[PDB]
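Residue numbers (the deposited numbering), protein chains in the order written: chain A, 219 to 322; chain A', 634 to 736. A prime marks a further copy of an entry chain.
This report concerns only the one structure given below.
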Amino acid sequence: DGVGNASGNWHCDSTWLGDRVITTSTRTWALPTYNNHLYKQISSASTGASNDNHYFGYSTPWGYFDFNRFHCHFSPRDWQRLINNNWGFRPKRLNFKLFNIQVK
Amino acid sequence: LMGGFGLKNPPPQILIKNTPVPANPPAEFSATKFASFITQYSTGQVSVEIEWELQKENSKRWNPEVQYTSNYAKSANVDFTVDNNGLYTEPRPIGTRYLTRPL
């Protein structure tokens, strides 16, 4: 609850319980202004690409978070600690938080 | 100095011995003890079950540790196993100091 108060703390733990491992990770982000706030369409007719490389789409000013790689959660020691004594792993649940926003 | 756990009261010595069964004594009484026993021996099984107490590591090291691995290669014989005619051969001495605690 700002402005003179942090709206969240830095958590970057990685705890190893018996049959489950909780890998927190916190990063600092920076979001620019894309397209100068426009839904510009994108296609291949401007460049003139190949017959298999034609596309058509749209390009928003929105931006997404993609924590969809394994090293976004596992340090190389935690990955080594996992793959050496485990016949398997799967995720149960995630928990996403987004705090300390500064709009320059 | 050879390593290990110096114990004041160590595990006690378990001593075993075949009870001497004598052969036939003569008909007249003799004072001399016995110069003839029945040759015998024993066999059997023996179980030893030591419960150990482990100290789980509490490290915050980043990079991977050095750990005892087997040699991944096309080998002639598998280490710490039997041979073509059943001789268990330990190939190398394995210590116990592979992990890293800061001093």
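A virtual CB, placed ideally from N, CA and C, is assigned to each residue, including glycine.
Chain A contact for residue i (CB, 9 Å cutoff)
i	result
residue 735(A')	no
residue 704(A')	no
residue 697(A')	yes
residue 688(A')	no
residue 694(A')	yes
residue 700(A')	yes
From the options, residue whose alpha carbon lies closest to that of residue i
i	options	result
residue 690(A')	642(A'), 736(A'), 732(A')	732(A')
residue 658(A')	705(A'), 651(A'), 669(A')	669(A')
residue 240(A)	309(A), 271(A), 294(A), 320(A)	309(A)
residue 720(A')	726(A'), 712(A'), 727(A')	712(A')
residue 678(A')	671(A'), 694(A'), 649(A'), 635(A')	649(A')
residue 694(A')	293(A), 287(A), 311(A)	293(A)
residue 305(A)	220(A), 321(A), 238(A)	238(A)
residue 680(A')	735(A'), 647(A'), 704(A')	647(A')
residue 286(A)	320(A), 295(A), 219(A), 312(A)	312(A)
residue 242(A)	273(A), 291(A), 220(A)	291(A)
CB contact below 9 Å: residue i versus chain A'
i	result
residue 298(A)	yes
residue 245(A)	no
residue 294(A)	yes
residue 269(A)	no
residue 167(A)	A question about residue 167(A) goes unanswered here, because the residues of chain A that appear run from 219 up to 322.
Bridge partner(s) assigned by DSSP for residue i
i	result
residue 670(A')	655(A')
residue 260(A)	275(A)
residue 234(A)	239(A)
Contact set for residue i: own chain, Cβ-Cβ below 7 Å, skip 5 residues either direction
i	result
residue 244(A)	228, 229, 230
residue 675(A')	651
Cβ-based neighbour list, residue i, same chain, cut-off 8 Å, excluding 5 preceding and 5 following
i	result
residue 289(A)	297
Close beta carbons around residue i, own chain, < 6 Å, minus the five adjacent residues each side
i	result
residue 702(A')	none
residue 255(A)	279
residue 275(A)	260
residue 724(A')	712
residue 258(A)	277
residue 272(A)	262
Below-9 Å beta-carbon distance, residue i vs any chain C residue
i	result
residue 253(A)	Note that chain C does not occur in the displayed structure, where the protein chains are A and A'.
Validate contact between the segment 232-250 of chain A and the segment 296-307 of chain A using beta carbons, cut 8 Å, 3 pairs: Segments in contact, yes.
Sufficient close CB pairs (3 or more, under 8 Å) joining the segment 721-732 of chain A' to the segment 692-706 of chain A': The segment 721-732 of chain A' vs the segment 692-706 of chain A': in contact.
The segment 221-231 of chain A touching the segment 311-320 of chain A, judged by at least three CB pairs closer than 8 Å: Verdict: yes, contact present.
At least 3 beta-carbon pairs within less than 8 Å: the segment 239-255 of chain A vs the segment 279-286 of chain A: Output reads yes: the segment 279-286 of chain A touches the segment 239-255 of chain A.
The segment 654-665 of chain A' in contact with the segment 260-267 of chain A per 3-pair CB rule at 8 Å: With fewer than three CB-CB distances shorter than 8 Å, the segment 654-665 of chain A' does not count as touching the segment 260-267 of chain A.
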